[PDB]
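Throughout, a chain's letter reflects where its sequence line sits, starting with A, and its residues are numbered from 1. Both backbone and side-chain heavy atoms feed into the values below; hydrogens, waters and symmetry mates do not. Remember, it's 1-based here, ligands and their atoms both numbered in the order they're listed.
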Amino acid sequence: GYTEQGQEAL
Amino acid sequence: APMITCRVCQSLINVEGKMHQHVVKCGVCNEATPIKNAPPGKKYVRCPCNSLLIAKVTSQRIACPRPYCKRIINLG
Amino acid sequence: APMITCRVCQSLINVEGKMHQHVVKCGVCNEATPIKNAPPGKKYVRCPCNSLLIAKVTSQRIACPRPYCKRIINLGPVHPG
Ligand SMILES: [Zn+2]
Ligand SMILES: [Zn+2]
Ligand SMILES: [Zn+2]
Ligand SMILES: [Zn+2]
């Protein structure tokens with residue numbers, strides 16, 4: 001239930 | 001020419017020689033669509049801005065990195 | 001709400017918060033309409049089946065990828081071989 005910096009799959 | 005359908009603009013994407021990849025890029029909308037399940041411990045997350053993100057399974061919230069977006073995506 | 005009229009099916013396409021996109025998809029006919037200029041060196045072509053295609057500006061011909069269509073589109077005249 002944490003928050004993360006999104007990483008582009010590209 | 002093997003084709004899959006873009007999840008964003010529904011244009012066809014040619015996946016010849018790319019079937020080893022997890023995701024492929026659309027030449028029309030420039031966004032990515034998966035052709036395989038996400039790797040173990042990860043999960044795909046589609047932002048409302050259309051970006052395909054890859055998150056950890058332990059994440060409930062994902063911040064989009066797109067500079068015009070920066071949405072916080074709540075997954076549950 | 002900003003709207004455009006789909007040239008394929010005449011339904012309205014809501015483009016609120018979508019002006020960052022290269023194309024928008026009609027929610028009715030599911031064909032794509034470009035809202036930005038094609039990338040440099042490129043041009044858009046609409047197949048007679050209504051598929052949006054992308055070609056190099058130098059291309060004389062392009063093929064539609066839809067398996068039920070597969071039209072070859074001649075974009076201009078050629079020199080003899
Ligand atoms: Zn696309
Ligand atoms: Zn986003
Ligand atoms: Zn339409
Ligand atoms: Zn066609």
Side-chain angles (χ1 to χ4, degrees), chain A residues 3-10, chain B residues 1-16 18-19 21-36 38 42-56 59-76, chain C residues 4 6-9 13-39 42-56 59-75:
Chain A
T3 305
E4 140 178 35
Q5 174 65 256
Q7 261 215 75
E8 296 227 26
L10 262 157
Chain B
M3 314 267 242
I4 64 100
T5 300
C6 179
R7 195 60 183 275
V8 179
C9 73
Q10 294 183 200
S11 300
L12 294 174
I13 310 178
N14 183 325
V15 296
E16 175 67 26
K18 303 199 209 294
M19 302 213 303
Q21 306 179 7
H22 289 78
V23 309
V24 297
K25 189 186 171 156
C26 180
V28 175
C29 69
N30 295 118
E31 304 290 350
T33 290
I35 56 162
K36 295 182 145 83
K42 309 290 210 211
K43 54 183 174 178
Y44 300 125
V45 177
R46 170 89 58 197
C47 183
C49 81
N50 294 339
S51 181
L52 186 65
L53 315 171
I54 288 193
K56 295 182 262 173
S59 299
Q60 219 195 108
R61 276 155 301 262
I62 312 281
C64 186
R66 279 307 160 84
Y68 55 80
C69 181
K70 319 189 196 226
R71 282 164 174 98
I72 304 289
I73 311 158
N74 196 352
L75 297 167
Chain C
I4 67 161
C6 177
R7 279 221 248 156
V8 173
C9 76
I13 309 169
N14 177 21
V15 296
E16 205 185 85
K18 301 199 173 336
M19 284 305 313
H20 80 277
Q21 313 179 177
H22 289 91
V23 300
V24 296
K25 196 178 43 93
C26 177
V28 176
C29 72
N30 295 114
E31 303 294 358
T33 290
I35 59 162
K36 316 215 109 63
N37 291 336
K42 296 278 235 273
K43 54 174 208 253
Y44 292 116
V45 173
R46 177 79 73 188
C47 183
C49 77
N50 294 321
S51 176
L52 181 65
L53 310 174
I54 198 167
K56 328 179 126 240
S59 294
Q60 181 274 331
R61 54 175 32 214
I62 182 136
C64 180
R66 303 194 163 155
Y68 67 84
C69 178
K70 309 198 109 293
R71 275 190 205 236
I72 310 283
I73 297 150
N74 288 302
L75 302 166

- prompt: Could you walk me through whether C/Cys47 and C/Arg71 pass the side-chain contact (heavy atoms from CB on, under 4.5 Å) check?
  reply: CA-CA 8 Å; C/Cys47 183; C/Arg71 275 190 205 236; 4.1 Å; yes
- prompt: Got a donor-acceptor contact below 3.5 angstrom from the C/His20 side chain to the B/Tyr68 backbone?
  reply: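 No; judged by distance alone, with no hydrogens or angles, the pair does not exist.
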- request: Kindly say whether C/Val23 contributes a backbone atom to a donor-acceptor pair with the side chain of C/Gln21 at under 3.5 angstrom?
  value: yes
side-chain hydrogen bond (donor to acceptor under 3.5 Å, both in side chains): pairs with one or both residues in residues 2-11 of chain B, sequence neighbours excluded: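 Sorted pair list: B/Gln10-C/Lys25.
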query: Would B/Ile73 and B/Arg61 satisfy side-chain contact (heavy atoms from CB on, under 4.5 Å), going step by step from the backbone distance to the final call?
result: CA-CA 5 Å; B/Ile73 311 158; B/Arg61 276 155 301 262; over 6 Å; no
task: Show your reasoning for whether side-chain contact (heavy atoms from CB on, under 4.5 Å) applies to B/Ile72 and B/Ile62.
output: CA-CA 6 Å; B/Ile72 304 289; B/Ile62 312 281; over 6 Å; no
Acceptor/donor pairs from residues 26-39 of chain C side chains to any protein atom, 3.5 angstrom cut, sequence neighbours excluded:
unit_1	atom_1	unit_2	atom_2	d
C/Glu31	OE1	C/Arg66	NH2	2.7
C/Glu31	OE2	C/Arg66	NH1	3.0
C/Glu31	OE2	C/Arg66	NH2	3.4
C/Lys36	NZ	C/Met19	O	2.4

task: Tell me how many protein N, O or S atoms are closer than 2.8 Å to the Zn ion (ligand 4).
output: 4
- prompt: Is there a donor-acceptor contact under 3.5 Å linking the side chains of B/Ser51 and A/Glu8?
  reply: yes
query: Under 2.8 Å from the Zn ion (ligand 1), protein N/O/S atom count?
result: 4
- prompt: Would B/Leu53 and B/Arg46 satisfy side-chain contact (heavy atoms from CB on, under 4.5 Å), going step by step from the backbone distance to the final call?
  reply: CA-CA 6 Å; B/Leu53 315 171; B/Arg46 170 89 58 197; over 6 Å; no
